[PDB]
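Report on one structure; see the data block that follows.
There are 2 protein chains.
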Amino acid sequence: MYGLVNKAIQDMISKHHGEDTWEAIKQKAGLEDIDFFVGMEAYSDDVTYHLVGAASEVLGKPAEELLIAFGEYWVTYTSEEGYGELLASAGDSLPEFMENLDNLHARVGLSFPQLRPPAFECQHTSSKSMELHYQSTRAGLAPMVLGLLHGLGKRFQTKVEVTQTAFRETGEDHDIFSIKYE
Amino acid sequence: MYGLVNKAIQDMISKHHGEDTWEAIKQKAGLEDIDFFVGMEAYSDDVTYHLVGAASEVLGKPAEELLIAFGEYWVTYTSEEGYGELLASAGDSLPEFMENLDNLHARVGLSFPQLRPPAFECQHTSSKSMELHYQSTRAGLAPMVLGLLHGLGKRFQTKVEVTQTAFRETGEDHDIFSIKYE
Ligand code: HEM
Ligand code: HEM
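First to last, the sequence lines map onto chains D and L. Just so you know, we're using our numbering here: the first sequence kicks off at 1 and counts up by one. Just so you know, we're using our numbering here: the second sequence kicks off at 1001 and counts up by one.
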């Protein structure tokens, strides 16, 4: 995944637990050499898995818990590190924002040629509820999707309830989340 | 499971989709003969699974979604059909409520001698997060746990974020959920 994602993790851990903590994770993660991550360059997905892993260990939190937190953090980080306009253009409400996500990730893909974005389909079951389908070339990130949705809820001052109803990691075709929102 | 659970299910479907809908489910579920469920008497778990299975068909919702909705309904239903005091004595916050949950079910067990209550262990990873272990003599109810958790969030005016990180149904030892809450 592009360095942006890894800068963001790093940013999150450093603001929340400081540079030493970060350095520890960095060290444990096997990446002592990387001086700084390059936003617009593509790294191996491993760099991210190891980072998450190392943070799990150093912080005594399951990885999934960290993915959730990284997920809602990402909504703030992007609004402030140069994608706020792009974010805003993608919707004025959660359900609109989710319908526009594939599009958002395509506008991003222009600037980022090796992007493997996720694919998201929304099936509205009511004007306050939807069933969100997440499809991905990667495994393990469903918990991040969940944090992102909670991030978007805070952004649009909207209360949101999210429960994952189907799982890839077992052998269901893709992750589905049932969502309820004001 | 004791009749209470099945009354609550009925009560939920009747209040939300009317008696004619409930009656269709009752019929399809193969239980036309049962006039009313007896709260404090024990039924076979089948009754509940057939009940759940039927509501899925009649309503055209996956079972998992119904469980999740049943799970949050239960929190209200119990507060009003005679377990409000007991509910309230069990905590003034989510993390406290979950720590006292085994005790709650033991108190209940004094009244319901054939109860097979689930067992719930909390490992607090921070003052805003935990790793929740749910152990049960039964399979398939993890989604219900997820609704119950959202139900307790509303009760204590607390945003909660839940992802299941392990699954009985695959042959992991028990269900584990990673939880973040205000
Ligand atoms: C708003 C600005 C956003 C930007 C600039 C952005 C950009 C990106 C980038 C660069 C990646 C890495 C992909 C790769 O390296 O192959 C990515 C991945 C991802 N993005 Fe976003 N994104 C944004 C918003 C969102 C939101 C709001 C969500 C969810 C609601 C989302 C969901 C994801 C997911 C789930 C992935 C993981 C990739 C995967 O599943 O394989 N993104 N995004
Ligand atoms: C006043 C509150 C409550 C009462 C009176 C109550 C009572 C019961 C009863 C009677 C059963 C049926 C078990 C059997 O028939 O053998 C049961 C099952 C269950 N209860 Fe509760 N309960 C309460 C609150 C909660 C809460 C708040 C949760 C939240 C997670 C919970 C989780 C469960 C679960 C998961 C089961 C399924 C049994 C299993 O997994 O084996 N209960 N409870």
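Positions of the beta carbon are idealized from the N, C-alpha and C atoms, including for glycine.
Item                                                                                                                            : Value
Beta-carbon proximity of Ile1179(L) to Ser1129(L), cut-off 8 Å                                                                  : yes
Inter-residue CB distance, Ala54(D) and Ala29(D) (contact presumed, cutoff 8 Å)                                                 : 4 Å
Distance cut-off 7 Å: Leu1104(L) Cβ against heavy atoms of ligand 1                                                             : no
Nearest-angstrom Cα separation, counted from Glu1099(L) out to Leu1149(L)                                                       : 13 Å
Nonlocal neighbours in the same chain, by C-beta distance under 7 Å from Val1005(L), ignoring five residues either side         : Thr1048
In DSSP terms, what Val1162(L) is bridged to                                                                                    : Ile1179(L)
Rounded straight-line distance, which links the Cα of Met40(D) to that of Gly60(D)                                              : 31 Å
Whole-angstrom distance between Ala1106(L) and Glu1080(L), CA atom to CA atom                                                   : 20 Å
Paired residues, beta bridge with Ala1119(L) - DSSP                                                                             : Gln1135(L)
Within 8 Å, strictly: CB atoms of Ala1119(L) and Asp1092(L)                                                                     : no
Opposing strand residues paired with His124(D) [DSSP bridges]                                                                   : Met130(D)
Under the three-state DSSP convention, the category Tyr1083(L) falls into                                                       : coil
Ligand 1 heavy atom lying under 7 Å from the CB of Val145(D)                                                                    : yes
DSSP three-state assignment for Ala90(D), whether helix, strand or coil                                                         : coil
Short CB-CB distance (under 8 Å) between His150(D) and chain L                                                                  : yes
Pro1095(L) and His1133(L) closer than 8 Å at C-beta                                                                             : no
Beta-carbon contacts of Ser136(D) that lie in its chain and below 6 Å, excluding the five residues immediately before and after : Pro118
Three-state secondary structure assigned by DSSP to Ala1008(L)                                                                  : helix
Interface residues of chain L facing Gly60(D) [CB-CB closer than 9 Å]                                                           : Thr1125, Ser1126
N- and C-terminal bounds of the alpha helix (DSSP H) containing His1150(L)                                                      : 1142-1155
Any non-hydrogen atom of ligand 2 closer than 7 Å to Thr1137(L) Cβ                                                              : yes
Per DSSP, the bridge partner or partners of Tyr1002(L)                                                                          : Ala1042(L)
N-terminal and C-terminal residue of the alpha helix (DSSP H) that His1105(L) is part of                                        : 1101-1111
Reduced DSSP secondary structure (H/G/I, E/B, other) of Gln114(D)                                                               : coil
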